[PDB]
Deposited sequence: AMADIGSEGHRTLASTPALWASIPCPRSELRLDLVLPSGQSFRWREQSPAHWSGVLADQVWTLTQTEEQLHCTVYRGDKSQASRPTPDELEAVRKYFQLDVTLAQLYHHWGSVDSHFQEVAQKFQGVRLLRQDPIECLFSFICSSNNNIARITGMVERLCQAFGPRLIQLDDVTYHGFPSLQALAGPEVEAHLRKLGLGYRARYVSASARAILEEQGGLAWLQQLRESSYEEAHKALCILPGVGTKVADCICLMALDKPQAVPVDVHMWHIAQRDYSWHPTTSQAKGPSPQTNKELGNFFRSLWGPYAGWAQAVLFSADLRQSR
């Protein structure tokens, strides 16, 4: 009982709650949907992963989000620690207000959103988000998840061990810039993205001024941020958009992938207009992004997450 991944039932005294209705968040729809790749449902309806340099397990009831953290004497999450979670899930943003608005201007959204509530955006660490999505290009969520895992296991700080699972913090820039990192990543199966991670780690550290350069984009403008990211190797329109949206507070950023193209064509009968090409291309992708923004507004990136997540459930 004292060992292994905790459960709300097995270690009651070891869980603190946070007011949060299923309407505001659905762990099962958010955590495995390709925003963050480091959450695993170790026990049914119980998700474990690293949050703010500590390992947590989370599970929810109808109106509560149950949180438990592994740090020395096993205690309960403190009010400050719970605050780290509220920030991770950006709980100050009311999902119901957004859903209402989107559903109100988009018929199709209302339709889909009635069966997929609780899909919101995680507020992620810039570095993890950056490299995690560099590994996402021309790839599938299942594969990306393993790559990210092995990556953290090889270059990330070892945290704690639950059962046979050893958790690691996300690798530092210096670590990812180290010697022979690409080669090691290749043996780890990242394919040609091994070089991207390495190259981008070094470019940021030995050309852009380092971490301060990234962290600073949060205050910059979507246009600026997205522009600056494409500098980095392996970071194109999509990855840049994912980073802006998921880690830089750019809620209007709309990543364009295979899923968003299908959704556009199938549910909106969309077609590029200002672009002569009628298939994916730097031009058409850019236009699609604008179309969704024009369609959903300032939080288009969040609306996009709802449909994207629902489109995975096929």
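Gaps in the coordinates relative to the deposited sequence fall at 1 to 5, 77 to 79, 323 to 324.
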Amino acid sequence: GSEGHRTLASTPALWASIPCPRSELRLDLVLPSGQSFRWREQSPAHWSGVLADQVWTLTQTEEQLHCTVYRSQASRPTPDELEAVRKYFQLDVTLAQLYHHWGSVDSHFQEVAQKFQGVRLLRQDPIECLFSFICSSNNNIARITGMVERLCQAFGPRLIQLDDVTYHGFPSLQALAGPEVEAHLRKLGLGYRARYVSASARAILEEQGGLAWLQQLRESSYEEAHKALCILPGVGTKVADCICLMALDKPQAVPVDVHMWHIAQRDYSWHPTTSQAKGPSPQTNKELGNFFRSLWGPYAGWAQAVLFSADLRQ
From here on, numbers count along this sequence of modelled residues.
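The term rigid core refers to the most C-alpha atoms you can superpose between the two forms while keeping them within 1.5 Å.
The segment moving more, judged by mean Cα distance from this form in 5 other deposited structures of this protein after a core overlay, is 255 to 263 among 241 to 249 and 255 to 263. Rigid core fits of the other structures in 5 other deposited structures of this protein place the C-alpha atoms of one stretch farther away on average; of 137 to 145 and 77 to 85, that stretch is 137 to 145.
Higher mean CA temperature factor between 206 to 214 and 159 to 167: 206 to 214, per the PDB entry. Set 113 to 121 against 76 to 84 and average the Cα temperature factors; 76 to 84 ends up higher.
Within the group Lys286, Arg266, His259, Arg26, the record's highest C-alpha temperature factor is found at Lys286.
Residue set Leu51, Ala277, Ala253, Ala45: peak C-alpha B-factor at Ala277 (per PDB entry).
The PDB entry assigns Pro298 a C-alpha temperature factor belonging to the middle third of its chain's modelled residues. Looking at the C-alpha B-factors along this chain, the one for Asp92 belongs to the highest third. Remark: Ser17 belongs to the highest third of its chain, ranked by C-alpha B-factor as recorded.
In the deposited entry, the Cα temperature factor of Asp241 places it in the lowest third of its chain's modelled residues. Split the chain's modelled residues into thirds by C-alpha temperature factor. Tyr196 is in the middle one.
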